[PDB]
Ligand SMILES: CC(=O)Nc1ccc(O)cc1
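As a starting point, one isolated chain is supplied in structure tokens, in the form solved without the named molecule.
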């Protein structure tokens, strides 16, 4: 659910999901269309794509459990939706950590209309 995810992002990057990753580039946040603007935006696009192949799950509200095995995010057993949602989020937290260096504030609050071009999952 968005609660586990927001916590995950914070633990990883140190930043708060909102407003850092709630309105970034073209895919972080509310939907997306166009070309991801940078690496951090590519993480969002892939995450969206991840949620994308779980049609009958509900990522934003289904809660799941995860532990930390000396740094490592470890998704605990749940329903098949919860396990797979966890894995989606997990990779985004990491993808974020892994591209902090290029996180650019120029892309926070990016306007819709500049999200031009096309891109498939």
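Residue numbers count along the first chain shown, from 1.
Separately, the form deposited with the named molecule bound exists; it is not shown, and the next lines address it.
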item	value
Residue 34: touches the named molecule in the entry with it bound, heavy atom cutoff 4.5 angstroms	no
Interface membership of residue 2, the named molecule in the entry with it bound, 4.5 Å heavy atom rule	yes
Non-hydrogen atom contact residue 51 with the named molecule in the entry with it bound at 4.5 angstroms	yes
Any non-hydrogen atom of residue 60 within 4.5 angstroms of the named molecule in the entry with it bound	yes
